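A.B. asks: So the sequences go chain by chain: C and C'. A prime marks a further copy of an entry chain. Note that the first sequence covers residues 1 to 70, 77 to 177, 182 to 293 in the authors' numbering. Note that the second sequence covers residues 1 to 70, 77 to 177, 182 to 293 in the authors' numbering. From the three backbone atoms N, C-alpha and C, an ideal C-beta is built for every residue, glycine too. Shown below is the structure under consideration.
Protein chains: 2
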Amino acid sequence: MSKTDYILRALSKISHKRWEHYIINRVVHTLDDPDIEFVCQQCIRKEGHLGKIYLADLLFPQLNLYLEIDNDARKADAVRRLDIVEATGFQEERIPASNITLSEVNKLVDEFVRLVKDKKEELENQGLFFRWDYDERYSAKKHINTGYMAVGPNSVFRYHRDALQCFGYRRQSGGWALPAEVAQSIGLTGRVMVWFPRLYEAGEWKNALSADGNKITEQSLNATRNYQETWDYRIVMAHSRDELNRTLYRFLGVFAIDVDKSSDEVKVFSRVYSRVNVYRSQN
Amino acid sequence: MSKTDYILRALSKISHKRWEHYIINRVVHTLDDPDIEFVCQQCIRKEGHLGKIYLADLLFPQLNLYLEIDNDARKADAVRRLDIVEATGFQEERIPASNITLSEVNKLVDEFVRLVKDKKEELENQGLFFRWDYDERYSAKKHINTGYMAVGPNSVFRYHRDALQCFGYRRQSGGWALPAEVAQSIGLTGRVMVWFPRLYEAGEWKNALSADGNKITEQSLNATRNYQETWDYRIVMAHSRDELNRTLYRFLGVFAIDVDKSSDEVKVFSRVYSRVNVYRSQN
C-alpha cells in the first residue's frame, strides 16, 4: 500500500467521530510536513502498569508525542489482534472533545502543531531526527542505524527475516537461536532465542499475554510437546495483525522463564528488558 | 443544525472518494477562514444550455468560484430532489484526480487557496464582501440587502414566508399574488405571482422541469382544475429537498406562459428573467 494510499486512508478513515476527524485533519494538513510520520487510532498502553488500554488519535513515532481527544469497540478488537503499542516516555498532549468551540478547538490545534513544529527543532538541532521513511515501514534498517530496539511504534516487522536481521541472520520459521557470539555481543548473558509466538489459543498452544504487557503464559495442549526450557532469554516478536488483517511481528521485549511459577505443562515468562541492543559485527 | 455541525458534517461526508476528501479537507483547513461559505458535493448546471449536470466539489457562494476534481449516483438523485444550482458567471478552477502526486496536488491546492484568498481581496477592496452569515442561511435578509435576486446558491428559502418577504409580504400556501404596486416597483409589467410548484407528479399535477432549466411543463390530472392562465409573470420558487431530505424552495427564475405551446390540460412556461429585483418601499 502506497504512502499516499496510506496517507489518504489515514485521514479518511476517521468519519465515525466527527469532532476527531476535524481535529486530526486540521492538524495534519495544518502542519503540511511530509517528513513526519503520523498514526491514527492507535490503541496504547500508558505510564504505570495499569493493564488499561487508551486510544491515541495522533501518534508521531519519530517524536515521542501523541495527541488524545476524549471506544470499547476498537480497544477490544485491537487487543484481539495485539495491535497495541507501549508508549512510554511518550509525551501526552490533550484536547477536550466536549464543551468547546471551533475557534478555540482549532486554537489548540494551532498550539499543538507548534509543539509538533518545535519538538522537531530539537531532534534536528541534536541531529537525531531522521525524515519519515515509509518504504522501510517494517524493516530492520531503522534499528541497525540506531543500534538498539525498544518497545514502541518503531519495533515492528513484516516477516521473521526482518527481525532476525537485527540479530545476525544472514540467509526462519518458529524460533531462532542467536549464535553465542551475538548473544554476548548485544549484552545478553546466556543462551538466547528470538520467539515468534501466538499469544492466544492456536493449534496446540493456549498462550496468553498478561494485561500488564509483562507476563507471557504458555500452555501446551498436545503433551508430546511439553519440554524443558533450556533458553536463558527469549527475545519475543509476537504475531499480530494490521487494521487490514495483515500479519506483523511486534517486539514485546526480552523475556525469561519464571521457574517457580512455571511447569511442564504451563510455563510462565516474565519481561526482563523492554529494549535490546542490535548486532552489527563492528569495530 | 449548527454551523459547526454543518462544517463538521461537510468535511466528514466525503469519505467515498479518497482523493476528493484529501483535497477538499486540505483547502478548507489550509484556508482557515470562518468568514467564508463553502459547499460540498453540490450538483450544478454550467455555462451554455446543455441539460448536463456537473458535480462541483467546492463552491463558495460569496465568490463566484467552485472547484472541480475529475458519479451518476449523486447526479441522478440530486436532480430527483431538485438539489441543483445554476452557476453561471461562476469561475471554474480545476484539479486532476488522475496521474498526479500529492506534492503536486497540494501545490495546486496551495495555488487555488491563493485564488480564494485573492478573489476576496477584490470583494473587500470593492466593499461587496459580506462575511459568511450561517444563521440566515435560508432567509430574505441577504436579498433585501442586495436589492435583487439571481439564480445561484444564494436564492434559497426555508419556508414560503421567506421568499414572499422579498416581495412585500408583511404577515402563504400555494401561490401569492404580488400587489400591483410591488409588481410595478420591481419592474415587472403586468399581473404577477410567486409560484411554489412541485416539478414532478404530485397529487393532481404531473409537472416537469426541462433538462435545460428553462421550461416548466404542467399537466392537470384532475380536470376540474384546468384553468385559464391570467398571470403575466410567475416568479417561481420550486419545492426541493436537502441532502438530509428537508424542504427548501429554490428560485428558478421568472417565467411566463408560452401560449401557442400551452393548452387547457397542459400549460408550458418559459423562463424570461433569471433574476428579479426585490421590493423595499423606499425613497
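I need the DSSP call for residue 288 of chain C, collapsed to helix, strand or coil.
C.D. replies: On the first sequence, position 278 is the one that residue 288 of chain C refers to. Reduced to three states, the DSSP call for residue 288 of chain C is coil.
A.B. asks: Measure how close the beta-carbons of residue 229 of chain C and residue 275 of chain C come, nearest whole angstrom, since I'm counting them as under 8 Å.
C.D. replies: Counting from one through the first sequence, the residue named residue 229 of chain C turns up at place 219. Counting from one through the first sequence, the residue named residue 275 of chain C turns up at place 265. Indeed, because the Cβ distance is near 6 Å, the residues count as touching under 8 Å.
A.B. asks: Among C'/187, C'/195, C'/248, whose alpha-carbon lies nearest the alpha-carbon of residue 210 of chain C'?
C.D. replies: As a working note, residue 210 of chain C' is residue 200 in the second sequence. Selected option, being the one with the closest Cα: C'/248.
A.B. asks: Nearest chain C C-beta to residue 138 of chain C' closer than 9 Å, yes or no?
C.D. replies: Within the second sequence, residue 138 of chain C' is the residue found at index 132, counting from 1. With 9 Å as the cut-off, residue 138 of chain C' does not count as an interface residue toward chain C.
A.B. asks: Contact criterion: CB-CB distance below 9 Å. Does residue 113 of chain C meet it with respect to chain C'?
C.D. replies: Counting from 1 along the first sequence, the entry for residue 113 of chain C is found at position 107. So no, residue 113 of chain C is outside the interface.
A.B. asks: Along chain C, in chain order, which residues have C-beta atoms closer than 8 Å to that of residue 18 of chain C'?
C.D. replies: In the second sequence, the residue the question calls residue 18 of chain C' occupies position 18. Result: 8, 9, 12.
A.B. asks: How far does the beta strand (DSSP E) with residue 9 of chain C in it extend, from its first residue to its last?
C.D. replies: Walking along the first sequence from the start, residue 9 of chain C turns up at place 9. Counting along the chain, residue 9 of chain C falls outside any beta strand (DSSP E), though it belongs to the alpha helix (DSSP H) covering 3 to 12.
A.B. asks: Nearest to residue 68 of chain C' by alpha carbon, out of C'/30, C'/95, C'/94, C'/23?
C.D. replies: Your numbering for residue 68 of chain C' matches position 68 in the second sequence. Looking at the Cα atoms, C'/23 is the closest of the given residues.
A.B. asks: Tell me which residue opens and which closes the beta strand (DSSP E) that residue 248 of chain C' is part of.
C.D. replies: The count along the second sequence starts at 1 and reaches residue 248 of chain C' at position 238. 243 to 251 is the span of the beta strand (DSSP E), which, as asked, contains residue 248 of chain C'.
A.B. asks: Could you give the distance in angstroms between the alpha-carbon of residue 278 of chain C and the alpha-carbon of residue 187 of chain C?
C.D. replies: Mapped onto the first sequence, residue 278 of chain C falls at position 268. Mapped onto the first sequence, residue 187 of chain C falls at position 177. Approximately 20 Å between the Cα atoms of the pair.
A.B. asks: Less than 8 Å between C-beta atoms, sequence neighbours within five positions excluded: which residues of the same chain meet that for residue 233 of chain C?
C.D. replies: Here residue 233 of chain C refers to the residue found at position 223 of the first sequence. Only 275 meet the Cβ criterion.
A.B. asks: Measuring alpha carbon to alpha carbon, tell me which of C'/139, C'/93, C'/175 ends up nearest residue 48 of chain C'.
C.D. replies: Working through the second sequence from its first residue, we reach residue 48 of chain C' at position 48. Per the Cα distances, C'/93.
A.B. asks: Give me the subset of the region 242 to 265 of chain C whose CB atoms are less than 7 Å from a CB atom of chain C', sorted by chain position.
C.D. replies: Of all residues in the region 242 to 265 of chain C, none has a Cβ within less than 7 Å of some Cβ in chain C'.
A.B. asks: How big is the Cα-Cα spacing for residue 139 of chain C' and residue 35 of chain C'?
C.D. replies: Residue numbering aside, residue 139 of chain C' sits at position 133 when the second sequence is read from its first letter. Residue numbering aside, residue 35 of chain C' sits at position 35 when the second sequence is read from its first letter. Approximately 8 Å between the Cα atoms of the pair.
A.B. asks: Looking at the secondary structure, which residues open and close the beta strand (DSSP E) in which residue 68 of chain C lies?
C.D. replies: Counted from its first residue, the first sequence places residue 68 of chain C at position 68. Residue 68 of chain C -> beta strand (DSSP E) spans 65 to 69.
A.B. asks: Going straight from the alpha carbon of residue 240 of chain C to that of residue 201 of chain C, what length do you get?
C.D. replies: Within the first sequence, the letter at position 230 stands for residue 240 of chain C. Within the first sequence, the letter at position 191 stands for residue 201 of chain C. Going from the Cα of residue 240 of chain C to the Cα of residue 201 of chain C covers about 8 Å.
A.B. asks: Once the 5 residues before and after residue 214 of chain C are set aside, which same chain residues still bring their CB inside 8 Å of it?
C.D. replies: In the first sequence, counting from the first residue as 1, residue 214 of chain C sits at position 204. The residues are 230, 231, 232, 235.
A.B. asks: Please list the terminal residues of the continuous alpha helix (DSSP H) segment that includes residue 165 of chain C.
C.D. replies: Counting from 1 along the first sequence, the entry for residue 165 of chain C is found at position 159. Careful: residue 165 of chain C lies outside any alpha helix (DSSP H) and carries neither H nor E.
A.B. asks: On the DSSP letters alone, give me the boundaries of the beta strand (DSSP E) that residue 57 of chain C' sits inside.
C.D. replies: Residue mapping note: residue 57 of chain C' aligns to position 57 of the second sequence, counting from 1. Residue 57 of chain C' -> beta strand (DSSP E) spans 53 to 60.
A.B. asks: Straight-line CA distance for residue 9 of chain C' to residue 20 of chain C?
C.D. replies: Working through the second sequence from its first residue, we reach residue 9 of chain C' at position 9. Working through the first sequence from its first residue, we reach residue 20 of chain C at position 20. Straight-line Cα distance between these residues: approximately 12 Å.
A.B. asks: Assign residue 16 of chain C to buried or exposed, taking buried as 16 or more other Cβ atoms, counted over all protein chains shown, within 10 Å of its Cβ.
C.D. replies: Reading the first sequence from its first residue, position 16 is the one you call residue 16 of chain C. Residue 16 of chain C comes out exposed.
A.B. asks: Strictly below 9 Å CB to CB, what residues from chain C border residue 108 of chain C'?
C.D. replies: Residue mapping note: residue 108 of chain C' aligns to position 102 of the second sequence, counting from 1. What residue 108 of chain C' touches in chain C: 3, 4, 7, 8, 34.
A.B. asks: Going by Cα to Cα distance, which pick from C'/64, C'/30, C'/87 is closest to residue 218 of chain C'?
C.D. replies: Within the second sequence, the letter at position 208 stands for residue 218 of chain C'. Ranking the options by Cα distance to residue 218 of chain C', first place goes to C'/87.
A.B. asks: Counting contacts by CB-CB distance shorter than 9 Å, is residue 25 of chain C in contact with chain C'?
C.D. replies: As a working note, residue 25 of chain C is residue 25 in the first sequence. It does: the Cβ of residue 25 of chain C has a partner Cβ on chain C' nearer than 9 Å.
A.B. asks: On the CB-based measure, 16 or more other CB atoms within 10 Å of its CB, does residue 257 of chain C' come out buried or exposed?
C.D. replies: Start at 1 with the first residue of the second sequence, and residue 257 of chain C' comes out as number 247. Exposed: under 16 other Cβ atoms inside 10 Å.
A.B. asks: For a test of the three-state rule: what should DSSP assign to residue 118 of chain C', helix, strand or coil?
C.D. replies: Reading the second sequence from its first residue, position 112 is the one you call residue 118 of chain C'. The answer is helix: DSSP assigns residue 118 of chain C' an H, G or I state.
A.B. asks: Closest by CA to residue 66 of chain C, which one among C/55, C/206, C/131, C/154?
C.D. replies: On the first sequence, residue 66 of chain C is found 66 positions in, with the first residue counted as 1. The shortest Cα separation from residue 66 of chain C among C/55, C/206, C/131, C/154 belongs to C/55.
A.B. asks: Excluding five sequence neighbours on each side, which residues of the same chain lie with their C-beta closer than 7 Å to the C-beta of residue 30 of chain C'?
C.D. replies: Position 30 of the second sequence, counted from the first residue, corresponds to residue 30 of chain C'. Only 115, 119 meet the Cβ criterion.
A.B. asks: Could you tell me whether any Cβ in chain C is nearer than 9 Å to the Cβ of residue 104 of chain C'?
C.D. replies: In the second sequence, counting from the first residue as 1, residue 104 of chain C' sits at position 98. It does not; no Cβ of chain C falls within 9 Å.
A.B. asks: So is residue 145 of chain C' buried or exposed if we call it buried at 16+ other beta carbons inside 10 Å?
C.D. replies: What you label residue 145 of chain C' is simply residue 139 of the second sequence in a count that begins at 1. By the neighbour-count rule (16 or more Cβ atoms within 10 Å), residue 145 of chain C' is buried.
A.B. asks: Residue 28 of chain C to residue 123 of chain C, Cα distance in whole Å?
C.D. replies: Residue 28 of chain C sits at position 28 when you count from the first residue of the first sequence. Residue 123 of chain C sits at position 117 when you count from the first residue of the first sequence. One C-alpha to the other measures close to 11 Å.
A.B. asks: Answer with buried or exposed for residue 222 of chain C', where buried requires no fewer than 16 other C-beta atoms within 10 angstroms of its C-beta.
C.D. replies: The residue given as residue 222 of chain C' occupies position 212 in the second sequence. Result: exposed.
A.B. asks: Taking DSSP as the reference, what is the three-state secondary structure of residue 266 of chain C'?
C.D. replies: As a first step, residue 266 of chain C' must be located in the second sequence, where it is residue number 256. Reduced to three states, the DSSP call for residue 266 of chain C' is strand.
A.B. asks: Whose C-alpha, out of C/18, C/79, C/64, C/89, is nearest the C-alpha of residue 254 of chain C?
C.D. replies: In the first sequence, counting from the first residue as 1, residue 254 of chain C sits at position 244. Ranking the options by Cα distance to residue 254 of chain C, first place goes to C/89.
A.B. asks: Below 7 Å on C-beta distance, what does residue 161 of chain C contact in chain C'?
C.D. replies: Your numbering for residue 161 of chain C matches position 155 in the first sequence. By Cβ distance, chain C' contributes nothing, its closest Cβ being about 28 Å from residue 161 of chain C, past 7 Å.
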